[PDB]
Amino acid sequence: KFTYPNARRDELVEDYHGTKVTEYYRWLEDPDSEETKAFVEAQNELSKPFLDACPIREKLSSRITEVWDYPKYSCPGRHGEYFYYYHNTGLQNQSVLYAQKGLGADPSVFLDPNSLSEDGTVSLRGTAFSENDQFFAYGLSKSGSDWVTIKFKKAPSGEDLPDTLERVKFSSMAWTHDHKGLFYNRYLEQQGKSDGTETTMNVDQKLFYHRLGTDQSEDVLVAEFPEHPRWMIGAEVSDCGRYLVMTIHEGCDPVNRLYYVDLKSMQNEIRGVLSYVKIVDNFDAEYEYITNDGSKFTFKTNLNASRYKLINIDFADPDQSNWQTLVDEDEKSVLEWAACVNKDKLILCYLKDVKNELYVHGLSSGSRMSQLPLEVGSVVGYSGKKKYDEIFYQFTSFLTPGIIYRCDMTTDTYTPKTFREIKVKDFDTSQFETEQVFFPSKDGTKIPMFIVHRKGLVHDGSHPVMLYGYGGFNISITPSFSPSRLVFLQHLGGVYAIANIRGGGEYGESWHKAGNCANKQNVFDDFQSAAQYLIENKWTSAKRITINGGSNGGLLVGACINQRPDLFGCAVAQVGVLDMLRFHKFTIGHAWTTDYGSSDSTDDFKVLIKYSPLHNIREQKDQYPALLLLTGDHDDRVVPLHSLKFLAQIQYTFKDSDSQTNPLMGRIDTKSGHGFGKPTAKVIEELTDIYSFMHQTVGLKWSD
């Protein structure tokens, strides 16, 4: 009983290694044409009234806003005599950066992104203080685009400098210790627009050096690899200022080349392409800089260590036969990151069965000294420099918005103190609980899953479930706080489940590789098995399951609705990759071939064609679940044509179906992108639309 927008079908046949593949909506890849704009408008004119017709939408939006309305803080970061921290009074579109002269002083606004946009669509993206804390560089992004403009302020005064760096994307921000400028990345000029609405591929990223007090036209090109247009040049200046550490990436795997420049031995100031020394000249493993003491550099690596470890490489004797293990790989836990504090101490953060743990190690020996106690959850913030004597860290969990701890590092015992508690106002979290289960996938592998629910729940199959997954790119889905999840559990009888399917990083690089490239189908099998587990154990029934994922998790949703429409009642795919044959042709999509392969390869095509959601829509005996696609017109990470073409093809497939009664809809936002930096107002509206769609499609019941 739904009438879907018209969408012209333009037969386009292409040959993939002998296999003919036909598509009909390639015209939707042009975001600027009147035809595409009319399609977008028509889809919004269908979905918006449907979402706005939810009879509980006002209560739902009000409750999400009320739960969300609590003051928020980042860890305080020391920079000289001042601490800097982000603050949100509760519902501001963007958090404000405050400065205070000591932890006990009156704070003052240092940088307010809300003052830069009337709707909060300008966000920070990357920040870096100079080594003397007298200058502050920061990136600004508009309308959610990955494109960045780097600007500069005096610190702590916050006075603006004129320096403005354009065409920045995926950028380093590394000050030299002479305080004269910084290294950053940018792309040379390109055909067409560069505002986040274009689909143009980004290649040949350059490393530049900008001198404070000059126009960007004077910036020096310091590194480029034109014979490797997909290489991306990470730049960091060593803790002593002497070395530029160059970490070169190609694609999204946790591996990099490792080169360096001796800046103090240069016979001239930074003037042109720098002469570097190669330490690691391959992509076999990760080398992530932690710290250095003179020429001895400490790196996190996965070299022969899928769960990660720390090694020492001395630049004075850099052959691999001289490298030394500093911290052994753990038998079971993934080392997520390490930081050096108070000259010779290390904070190591591990993931053990999808929960974070913190330990203090000595830098000289690598030996473990202490554990910093935590509840079950995630460490989402950290501050603590080698030159300072205390750390702060922020903890979050499903029922805990935040706890900030402070720990003095000057003695041989470590007794963290609670610095701040961030709680929802007037909400009894003790009515709810989280369980961790391990369910068998098709091949026998046990997969972790968190289930958040009201205490006293009985397993009668009656509860609506929100089942979330991602499954890729070495990303672990660890506990975190969601205000809308609380509203779902409190007022909509909901059960929230997160399946830690393969492709993520939860158990290290073997977990990641078990869910990428030719093994990508394992991810979808794992997620389908999660739904089967919830049904079999009578948490829910298929008709009451909503699946949700974003980005690579939107691919997860698209593949799962094609493969097992019978397992789900509703599906919400945000900013999803859905044309798996062409993803690599747009913006930064070429970087994802390390998880997906590429249709340019015969072997990879045989894998991709089996699951590419755009190419696998088929009516089954069971109807497809209700579907809501969400994207933004400035999502230049995953270009919105993915959602647009999938929507056109799915609506066409079921145009004349008697059995398809669930709606298949899309909402295309304006002035927003992939998600980072999206203003609070848009986030709350999106969450309201998501749960409104579920209410209207799987029969949720609101209880006051």
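Just count from 1 along the sequence shown to find any residue number.
Peer 1: Per the entry, where is the mean C-alpha temperature factor higher: 50-58 or 633-641?
Peer 2: That would be 50-58.
Peer 1: Give the stretch, out of 605-613 and 422-430, with the larger mean C-alpha temperature factor in the deposited entry.
Peer 2: The entry gives the higher C-alpha B-factor average to 422-430.
Peer 1: Identify, among 302, 521, 356, 216, the residue whose C-alpha carries the highest B-factor in the deposited PDB entry.
Peer 2: Each of 302, 521, 356, 216 was compared by C-alpha B-factor; the highest is 216.
Peer 1: In terms of recorded Cα temperature factor, pick the maximum from 475, 212, 341, 577.
Peer 2: In this record, 212 carries the highest C-alpha B-factor of the candidates.
Peer 1: Lowest, middle or highest third: where is residue 345 by C-alpha B factor in its chain?
Peer 2: Middle third by C-alpha B-factor.
Peer 1: Compare the C-alpha B factor of residue 505 with those of the other modelled residues in its chain, then answer lowest, middle or highest third.
Peer 2: Its C-alpha B-factor belongs to the lowest third of this chain's values.
Peer 1: Name the third of the chain's ranked CA B-factors that contains residue 309, choosing lowest, middle or highest.
Peer 2: Lowest third.
Peer 1: Please place residue 21 in the lowest, middle or highest third of its chain according to the CA B-factor in the PDB entry.
Peer 2: Its C-alpha B-factor, which the entry lists for residue 21, ranks in the highest third among residues of this chain.
Peer 1: Split the chain's modelled residues into thirds by Cα B-factor; is residue 34 in the lowest, middle or highest one?
Peer 2: Ranked within chain, residue 34 CA B lands in the middle tercile.
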